[PDB]
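Below is one structure; the comments refer to it alone.
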Amino acid sequence: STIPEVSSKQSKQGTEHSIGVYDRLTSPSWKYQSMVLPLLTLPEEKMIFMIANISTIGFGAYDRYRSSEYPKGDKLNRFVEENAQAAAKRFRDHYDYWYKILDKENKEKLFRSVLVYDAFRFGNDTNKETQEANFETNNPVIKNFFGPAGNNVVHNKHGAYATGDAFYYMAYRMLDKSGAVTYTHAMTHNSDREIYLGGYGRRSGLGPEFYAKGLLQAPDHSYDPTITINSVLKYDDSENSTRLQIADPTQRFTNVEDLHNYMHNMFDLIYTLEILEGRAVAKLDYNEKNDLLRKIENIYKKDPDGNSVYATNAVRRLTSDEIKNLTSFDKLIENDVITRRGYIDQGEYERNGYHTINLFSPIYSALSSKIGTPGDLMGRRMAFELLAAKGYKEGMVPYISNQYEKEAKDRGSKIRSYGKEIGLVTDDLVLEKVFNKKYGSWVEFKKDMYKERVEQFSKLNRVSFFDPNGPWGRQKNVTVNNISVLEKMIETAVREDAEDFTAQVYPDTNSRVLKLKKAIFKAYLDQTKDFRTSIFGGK
Amino acid sequence: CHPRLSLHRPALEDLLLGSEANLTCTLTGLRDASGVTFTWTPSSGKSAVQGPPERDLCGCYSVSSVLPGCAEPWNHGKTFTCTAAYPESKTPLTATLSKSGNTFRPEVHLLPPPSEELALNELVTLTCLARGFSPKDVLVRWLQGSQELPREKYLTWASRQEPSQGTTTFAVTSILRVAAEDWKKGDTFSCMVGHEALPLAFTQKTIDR
Amino acid sequence: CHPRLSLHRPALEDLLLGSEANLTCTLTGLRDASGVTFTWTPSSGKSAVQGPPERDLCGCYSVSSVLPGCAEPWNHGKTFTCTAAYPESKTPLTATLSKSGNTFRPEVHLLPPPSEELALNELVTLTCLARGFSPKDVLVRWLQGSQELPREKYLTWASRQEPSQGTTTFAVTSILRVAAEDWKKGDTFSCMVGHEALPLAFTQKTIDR
């Protein structure tokens, strides 16, 4: 690892700290230590490659990556060496970032040993067909190593799945970038209760996929306009344009306070953008306001238990009384309105679903469940907002860790699930805990955040920017100095967006407001070297 | 085609000159047959007339409804809400129409032709100015004496937002071309303007040499 | 969606004020991504740039091209023909643009506000007339002394067919609001009118009390 301290801890042979493959395989707590002999008596030809890490051990066959136009030989060897080294460095960078972030002395639990596999789908020299293996094929790789290392994989149709103590690539491939992204997702699945959270388990209602895709995972691309932290992979190859993310994860983050400051300032920008969009939306006709906004509801469907606590977020078309009540910006938070731009769905966002959160789509709703499950989209949004307001250790983790479950159970809220009694922690309880007495209800907390952001950009804002995004006519200079011009442009863009919203196929990426928001975000992210402080200067 | 339901205000000629106003709730993007319903919340003694499907952009069928005799309900102040159900999706799309408040009485300013145009005396560029009105629906036409000139005989621009502070009024200008001898002869030319904001709904500005 | 290709002239500001004209070749109805080839027949010292795709109605993906520095070829008289080949059909569509013949010099007639409007003296509504030009591309502004007023401070109409015999000319009108004090004091008002047919490309009409 990059940090000299863990490098010193790893260079020594000392168990529970050594990076050495042999020390890990020999020592207990390794599921299949039967690999040690076949991995030592392989026939001389190079068949398999191993990628080690501070927390994981990688296994893969050369035949996995062999292809039609890509046959065996020296070129296969060179490609495999280069990408194995690159993937090992990326994995090391990801776990170095996590080691920096964890400071509750839970970082000492990162020295575990977990194995990952490739897909056993070896390619041929003639055609790009990765035929499977079933411990009986004649490929020497499974004859020599994978066979004797006895463990069967279910061979799922698609998707690299985690088990709980191990992992196996199924559809992706560990050398590529998507390999690293799915690797971060996989380790979020595998190290969730003990490592990423401070020994506290998952929230009583939320499933394993809640923590996987929406948060605690690297963005699927650099394009992705989603609130997430680029943790594993770095890139500066013509990707500077439309980055919308962090270029250097191993350099941007040093400790918890840096991550908290970065998230806080990104939310400082996003709150200003949301405030401008909401102010524009408030002064609108009935039909446009109806077609441009929705409402989010909590539906307590019947659980796979005797309980009904677990809530499911559902988005429904809002009614006439609500839209009549929406006379100004501040009422938007009151009536729990969500924009249609990125959340077009009119059904339900089912629990345990791969739901992300859009960056430029405002969610004015401070909705929280009076029962102890907040749902998926509201869950992720509130978790990120809390991470912005308060650090990683207090906030976010208390929001979703069952950390207060013991105190909630002490206060009451007893419940029985899967034949055993267990405590139940509720949104109001965590709100009272993380903020001792500062906020009475979540609506007040959201309003206070918006208000403080309002005076914050009232006092300060940066001077020079070039985010024109006009017509095909050459327009380059806008030099937004006071946010009044930004608000005027946002309002004009919203009024324009009130039309041309009757598209069968493409009603979203043709929206002017999304492009303007993206331009503003990119200009502000590039102007500051790191994210640093968004609104700086004056006025 | 994803359908959407919209409402259109009645023509100002129907609103003013027409005894019974027809108000329309058209539906576009219907990618199926005419298995649709057109429901009007204010049932002020009117029936929803349904027509045959019409091919919209890329050939999508479009079905429309008409609520005739809407002048009295409009005079009654009742706002219209139109709800429709279509076979493609269960959810019913809704559109709402309401009275446009804060209307402004237009002002008419007849513009005599300039001296340079009058100096040529080949033709006179008779011009009229309609200004100071909130709604965008204004009927403008040129009147010669007591005889209304045909629409092809004069030229007029569409209404647009005018530069103003606070009040969002609109302006309209019209141009008429006729022989210079008629103006000098003594026969005057009139600018006849109609707008629903005025209780009389009409204003005339006339001048001659 | 049916593919459709067309050519568009550079903006009149680019045509007259702009040193390098940017002429547009746009394609609509392409049911796929930007796997298209755009070729200009008069590609004399110019580079074709294809930018982001613009999604039109009904999901028909559309992309366009820009030809910078076309002012000299436009002054050279070389017609611009654009050929587009798209993955949907092997046959490449072709679009042709040629110089607009029979250009007519506009006349600018500054109309003082009417006496009735001047009688109120609260605000005088200056009127500018742009008439008599075959091409439909005319730029009009209002000039206050030596300072040009912002476009948001005045309203101007668009080109439209006018009733004329033989020659197909167009007429545009511009309007402006200002107090009578400046008109009475001596501060004159200028109407800045530009058109490509004029060799000087600009005609100014100014008057005051």
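So you can find residues: chains in the structure tokens are A, B, ... in the order shown, residues in each start at 1, and ligands are numbered from 1 in order.
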
inquiry  = At a cut-off of 10 Å, which residues of chain B touch chain C? Count only C-alpha atoms and give the answer as a ChimeraX atom specification.
reply    = /B:1-2,29,57-58,60,107-117,125,127,129,152-164,171-177

Give me, as a Markdown table, the closest atom pair and its distance (Å, one decimal) for every residue of chain B within a cut-off of 12 Å of chain A, counting only C-alpha atoms, rows sorted by chain and rising number.
| residue | atom | partner | partner_atom | distance |
| --- | --- | --- | --- | --- |
| B:1 | CA | A:504 | CA | 4.6 |
| B:2 | CA | A:504 | CA | 4.6 |
| B:3 | CA | A:502 | CA | 7.5 |
| B:4 | CA | A:502 | CA | 6.6 |
| B:5 | CA | A:502 | CA | 9.6 |
| B:6 | CA | A:287 | CA | 8.7 |
| B:7 | CA | A:287 | CA | 9.7 |
| B:27 | CA | A:502 | CA | 11.5 |
| B:28 | CA | A:502 | CA | 9.4 |
| B:29 | CA | A:504 | CA | 8.3 |
| B:30 | CA | A:504 | CA | 11.0 |
| B:31 | CA | A:504 | CA | 10.7 |
| B:57 | CA | A:504 | CA | 10.5 |
| B:58 | CA | A:504 | CA | 10.6 |
| B:60 | CA | A:504 | CA | 10.6 |
| B:81 | CA | A:320 | CA | 10.5 |
| B:82 | CA | A:287 | CA | 11.6 |
| B:89 | CA | A:346 | CA | 11.5 |
| B:90 | CA | A:346 | CA | 11.6 |
| B:91 | CA | A:317 | CA | 9.2 |
| B:92 | CA | A:317 | CA | 10.2 |
| B:93 | CA | A:317 | CA | 9.8 |
| B:94 | CA | A:287 | CA | 8.8 |
| B:95 | CA | A:287 | CA | 6.6 |
| B:96 | CA | A:287 | CA | 6.6 |
| B:97 | CA | A:287 | CA | 8.4 |
| B:98 | CA | A:286 | CA | 9.0 |
| B:99 | CA | A:286 | CA | 11.8 |
| B:100 | CA | A:285 | CA | 10.6 |

key: All strand (DSSP E) positions in segment 5-161 of chain C, as a ChimeraX atom specification   = /C:5-8,23-30,37-40,49-50,54-55,61-67,80-86,89-97,107-111,124-133,138-144,147-148,154-156

Between atom CA of residue 349 of chain A and atom CA of residue 382 of chain A - distance in Å to one decimal = 15.7 Å

task = Would you mind listing what lies within 9 Å of residue 91 of chain A as a PyMOL selection string, with only C-alpha atoms counted and same-chain residues fewer than 3 positions away left out?
result = chain A and resi 52-54+56+86-88+94-96+180+183-184+232-233

Include N, CA and C atoms and write out the residues we just selected as a PDB file, in the first residue's frame.
ATOM      1  N   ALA A  52      -2.518  -9.949  -5.462  1.00  0.00           N
ATOM      2  CA  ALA A  52      -2.684  -9.812  -4.026  1.00  0.00           C
ATOM      3  C   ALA A  52      -3.048  -8.377  -3.673  1.00  0.00           C
ATOM      4  N   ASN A  53      -3.429  -8.181  -2.416  1.00  0.00           N
ATOM      5  CA  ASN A  53      -3.825  -6.866  -1.935  1.00  0.00           C
ATOM      6  C   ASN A  53      -3.809  -6.894  -0.415  1.00  0.00           C
ATOM      7  N   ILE A  54      -3.999  -5.716   0.183  1.00  0.00           N
ATOM      8  CA  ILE A  54      -3.990  -5.617   1.638  1.00  0.00           C
ATOM      9  C   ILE A  54      -5.137  -6.414   2.244  1.00  0.00           C
ATOM     10  N   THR A  56      -7.448  -8.634  -0.103  1.00  0.00           N
ATOM     11  CA  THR A  56      -7.995  -9.663  -0.973  1.00  0.00           C
ATOM     12  C   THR A  56      -6.878 -10.348  -1.747  1.00  0.00           C
ATOM     13  N   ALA A  86      -1.683  -3.281 -13.502  1.00  0.00           N
ATOM     14  CA  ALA A  86      -2.567  -2.123 -13.400  1.00  0.00           C
ATOM     15  C   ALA A  86      -3.727  -2.392 -12.445  1.00  0.00           C
ATOM     16  N   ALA A  87      -4.344  -3.571 -12.557  1.00  0.00           N
ATOM     17  CA  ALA A  87      -5.471  -3.905 -11.695  1.00  0.00           C
ATOM     18  C   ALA A  87      -5.033  -4.036 -10.244  1.00  0.00           C
ATOM     19  N   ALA A  88      -3.855  -4.616 -10.007  1.00  0.00           N
ATOM     20  CA  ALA A  88      -3.344  -4.691  -8.645  1.00  0.00           C
ATOM     21  C   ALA A  88      -3.136  -3.299  -8.067  1.00  0.00           C
ATOM     22  N   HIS A  94      -7.766   1.610  -4.085  1.00  0.00           N
ATOM     23  CA  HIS A  94      -9.084   1.601  -3.456  1.00  0.00           C
ATOM     24  C   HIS A  94      -8.983   1.296  -1.968  1.00  0.00           C
ATOM     25  N   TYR A  95      -8.263   0.232  -1.614  1.00  0.00           N
ATOM     26  CA  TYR A  95      -8.185  -0.093  -0.197  1.00  0.00           C
ATOM     27  C   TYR A  95      -7.314   0.882   0.583  1.00  0.00           C
ATOM     28  N   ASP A  96      -6.372   1.562  -0.069  1.00  0.00           N
ATOM     29  CA  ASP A  96      -5.659   2.650   0.587  1.00  0.00           C
ATOM     30  C   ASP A  96      -6.601   3.800   0.913  1.00  0.00           C
ATOM     31  N   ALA A 180     -12.654  -3.406 -11.954  1.00  0.00           N
ATOM     32  CA  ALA A 180     -12.385  -2.671 -10.721  1.00  0.00           C
ATOM     33  C   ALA A 180     -13.666  -2.117 -10.108  1.00  0.00           C
ATOM     34  N   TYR A 183     -15.480  -4.787  -8.589  1.00  0.00           N
ATOM     35  CA  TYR A 183     -14.705  -5.196  -7.425  1.00  0.00           C
ATOM     36  C   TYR A 183     -15.036  -4.341  -6.211  1.00  0.00           C
ATOM     37  N   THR A 184     -15.145  -3.025  -6.404  1.00  0.00           N
ATOM     38  CA  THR A 184     -15.546  -2.153  -5.304  1.00  0.00           C
ATOM     39  C   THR A 184     -16.949  -2.499  -4.829  1.00  0.00           C
ATOM     40  N   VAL A 232     -11.691   3.985  -6.783  1.00  0.00           N
ATOM     41  CA  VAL A 232     -10.745   2.960  -7.209  1.00  0.00           C
ATOM     42  C   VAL A 232      -9.829   3.427  -8.334  1.00  0.00           C
ATOM     43  N   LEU A 233     -10.392   3.951  -9.416  1.00  0.00           N
ATOM     44  CA  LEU A 233      -9.636   4.154 -10.641  1.00  0.00           C
ATOM     45  C   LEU A 233      -9.413   5.633 -10.928  1.00  0.00           C
TER      46      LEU A 233
END

query = Could you pull the residues within 12 Å of segment 140-150 of chain A, counting only C-alpha atoms, minus those fewer than 2 positions along the same chain, as an MDAnalysis selection string?
reply = chainID A and resid 31:49 59:64 117:122 132:138 152:153

note = Expressed in Å, the length from atom CA of residue 365 of chain A to atom CA of residue 185 of chain A is 27.9 Å

task = Pick out the residues sitting within 12 Å of residue 102 of chain B, and hand them over as a ChimeraX atom specification; count only C-alpha atoms, and ignore anything fewer than 6 positions along from it in its own chain.
result = /B:132-135,166-169,197

Please write the residues from the selection above to a file, keeping N, CA and C atoms, as a compact mmCIF listing (two decimals), in the first residue's frame.
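Output contents, as saved in selection-v3.txt:
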# COMPACT_ATOMS: atom_id res chain seq x y z
N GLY B 132 -50.67 47.54 -24.98
CA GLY B 132 -51.17 47.52 -23.62
C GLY B 132 -52.29 46.53 -23.37
N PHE B 133 -52.01 45.24 -23.54
CA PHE B 133 -52.99 44.20 -23.26
C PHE B 133 -52.27 42.95 -22.80
N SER B 134 -52.78 42.34 -21.73
CA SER B 134 -52.15 41.16 -21.14
C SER B 134 -52.36 39.91 -21.99
N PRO B 135 -53.60 39.53 -22.33
CA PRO B 135 -53.78 38.31 -23.13
C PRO B 135 -53.22 38.45 -24.53
N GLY B 166 -42.84 45.25 -14.76
CA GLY B 166 -43.96 44.82 -13.94
C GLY B 166 -45.11 44.23 -14.74
N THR B 167 -45.88 45.09 -15.40
CA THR B 167 -47.02 44.61 -16.18
C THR B 167 -46.54 43.92 -17.45
N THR B 168 -47.07 42.72 -17.70
CA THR B 168 -46.72 41.94 -18.88
C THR B 168 -47.81 42.16 -19.92
N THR B 169 -47.74 43.29 -20.61
CA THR B 169 -48.66 43.60 -21.70
C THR B 169 -48.01 43.25 -23.03
N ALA B 197 -60.66 41.69 -23.21
CA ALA B 197 -60.50 42.39 -21.94
C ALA B 197 -61.48 43.55 -21.81

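Within 10 Å of segment 303-307 of chain A there are residues 205, 415, 416, 417, 418 and 419 of chain A, counting only C-alpha atoms and ignoring same-chain residues fewer than 5 positions away.
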
Keeping C-alpha atoms for every residue in the selection just given, could you write it to a file as a CSV table (one decimal), in the first residue's frame?
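So part-v3.csv came out as:
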chain,number,residue,atom,x,y,z
A,205,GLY,CA,-35.0,-3.0,7.0
A,415,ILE,CA,-40.2,-5.9,17.3
A,416,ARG,CA,-40.0,-9.6,16.4
A,417,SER,CA,-38.6,-10.7,13.0
A,418,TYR,CA,-37.6,-14.1,11.7
A,419,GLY,CA,-38.7,-15.6,15.0

Excluding residue 13 of chain B and its own-chain neighbours fewer than 5 positions away, which residues fall within 10 Å of it when counting only C-alpha atoms? Please give them as a PDB file with C-alpha atoms, in the first residue's frame.
ATOM      1  CA  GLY B  18     -69.777  33.647 -31.661  1.00  0.00           C
ATOM      2  CA  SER B  19     -72.926  33.094 -29.630  1.00  0.00           C
ATOM      3  CA  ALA B  21     -68.120  29.096 -27.625  1.00  0.00           C
ATOM      4  CA  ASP B 137     -55.578  36.838 -28.200  1.00  0.00           C
ATOM      5  CA  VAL B 138     -56.408  40.082 -30.025  1.00  0.00           C
ATOM      6  CA  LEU B 139     -58.422  40.458 -33.234  1.00  0.00           C
ATOM      7  CA  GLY B 194     -61.194  43.598 -30.861  1.00  0.00           C
ATOM      8  CA  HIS B 195     -60.034  42.201 -27.518  1.00  0.00           C
ATOM      9  CA  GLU B 196     -61.924  40.317 -24.816  1.00  0.00           C
TER      10      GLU B 196
END

request  = For atom CA of residue 340 of chain A and atom CA of residue 506 of chain A, quote the distance in Å rounded to one decimal.
outcome  = 13.6 Å

key: Selected residue of minimal separation from residue 10 of chain B among B:49, B:209, B:66, B:32, counting only C-alpha atoms   =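 That would be B:66, the residue with the smallest distance to residue 10 of chain B.
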